[PDB]
Amino acid sequence: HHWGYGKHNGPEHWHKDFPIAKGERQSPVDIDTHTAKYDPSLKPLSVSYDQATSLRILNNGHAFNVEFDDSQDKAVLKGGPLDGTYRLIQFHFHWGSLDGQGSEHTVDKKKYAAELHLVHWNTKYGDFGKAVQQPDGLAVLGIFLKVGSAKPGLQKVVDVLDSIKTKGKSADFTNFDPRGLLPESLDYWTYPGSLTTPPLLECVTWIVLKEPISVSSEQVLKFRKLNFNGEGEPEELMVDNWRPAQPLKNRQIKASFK
Ligand SMILES: NS(=O)(=O)Oc1ccc2c3c(c(=O)oc2c1)CCCCC3
Ligand SMILES: [Zn+2]
Ligand SMILES: [Zn+2]
């Protein structure tokens with residue numbers, strides 16, 4: 001039926017509605033450190049979020065995301081394996097039913113408690129809608145979350161989750177600075193991939209940071225209180241909203257660090 005993350009509408013069923021699910025560059029993938037290739041040509045990432053303008057946070061039934069005003073050339077991502085400028089549009093997370101799983105990408109088969117995705121679109125295509133139709137239309141910055149000390153910058157996000165527990169619930173979320181979610185180092189791995197939820201378009205240049213951010217058990221726990229269902233319906237806890245690793249095929253994962 002409508003795709004989801006359940007046993008009867010989850011990732012293993014998506015290909016029926018979206019044939020590309022079995023494509024040549026699907027995401028996520030497992031990053032093998034034995035085969036990752038250091039590319040001395042890769043430029044450092046350039047992140048300019050000082051002018052980022054958050055608008056609201058919403059539960060869309062697949063996860064929760066914070067939307068940004070992508071009108072002006074405000075918050076942009078450039079450099080790295082990218083050509084041109086990419087505007088930040090929104091960010092969301094993927095997490096598990098327990099600390100031992102939740103991330104989409106894995107490193108040497110290791111799974112993290114959650115994964116943060118900052119989505120950006122290539123300005124040369126005019127708008128977000130037209131970018132998804134191109135192989136270099138989007139750039140998603142992926143950040144792993146491990147359980148440990150608390151991340152101050154994430155507190156504002158977790159404290160507001162109470163008010164958007166069910167699908168359809170939205171809340172104004174202004175003045176949130178995404179810089180507080182970034183790790184110390186910007187070293188990264190990169191490869192061409194796709195969106196990890198339907199429509200699964202292969203229009204993403206993936207940039208996965210090597211350094212995970214630390215979040216407390218208390219913080220991650222609040223993610224698990226959200227629901228997939230809308231208000232006034234069978235309760236189905238929003239947990240394990242991640243897609244398993246997909247076949248690497250003929251792709252090569254490059255590293256910006258030795
Ligand atoms: N893991 S992820 O960043 O690829 O997740 C997604 C998957 C699909 C979308 C889509 C849209 C978006 O804004 O963020 C997305 C993030 C809107 C329309 C394009 C396809 C669906
Ligand atoms: Zn080796
Ligand atoms: Zn995602």
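Basis for what follows: all heavy atoms, side chains included, without hydrogens, waters or symmetry-related copies. Counting from 1, the numbers follow the sequence of the chain as shown.
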Legend entry - Whether over 12 other heavy atoms sit under 6.0 Å from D108 CG: yes
Legend entry - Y191 and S27 side chains, donor-acceptor separation under 3.5 Å: yes
Could you go through residues 138-154 and list every donor-acceptor pair under 3.5 Å that involves a side-chain atom there, pairing it with any protein atom two or more places apart or in another chain?
unit_1: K151; atom_1: NZ; unit_2: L182; atom_2: O; d: 3.4

Inset, instruction - Not counting sequence neighbours, list each pair that qualifies as a salt bridge (charged side-chain N to carboxylate O under 4.0 Å, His left out) and has a residue in residues 48-58. - result: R56-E67
Legend entry - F257 six-ring centre to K210 NZ/CZ under 6.0 Å and within 45° of normal: yes
Inset, instruction - Determine the sole option in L42, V29, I253 for which the side-chain contact (heavy atoms from CB on, under 4.5 Å) test with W189 is passed. - result: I253
Legend entry - From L116, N65, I57, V119, residue fulfilling side-chain contact (heavy atoms from CB on, under 4.5 Å) relative to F91: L116
Legend entry - Donor-acceptor contact below 3.5 Å, side chain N227 vs main chain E235: no
Inset, instruction - Check whether more than 12 heavy atoms from other residues, nucleotides or ligands sit under 6.0 Å from atom CD of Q133, and answer yes or no. - result: yes
Legend entry - Salt bridge flag under 4.0 Å for residues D187 and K258: no
Inset, instruction - Would you check if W3 and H62 make a side-chain contact, meaning some heavy-atom pair closer than 4.5 Å? - result: yes
Inset, instruction - Sort out for me which residue in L181, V160, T53 forms a side-chain contact (heavy atoms from CB on, under 4.5 Å) with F176. - result: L181
Inset, instruction - Compute the ring centroids of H2 and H8, then answer whether they are less than 6.0 Å apart. - result: no
Legend entry - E202 side chain near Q26 side chain, heavy-atom distance below 4.5 Å: yes
Legend entry - Set of side-chain hydrogen bond (donor to acceptor under 3.5 Å, both in side chains) partners for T123, sequence neighbours left out: none
Legend entry - Distance-only polar pair, side chains of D69 and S71, donor-acceptor under 3.5 Å: yes
Inset, instruction - Ignoring hydrogens and angles, tell me if any N or O in the side chain of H13 forms a donor-acceptor pair with the backbone of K7 under 3.5 Å. - result: yes
Legend entry - Polar side chain donor-acceptor pair, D240 to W95, under 3.5 angstrom: no
Inset, instruction - Using only heavy-atom distances, determine whether the side chains of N250 and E24 contain a donor-acceptor pair under 3.5 Å. - result: no
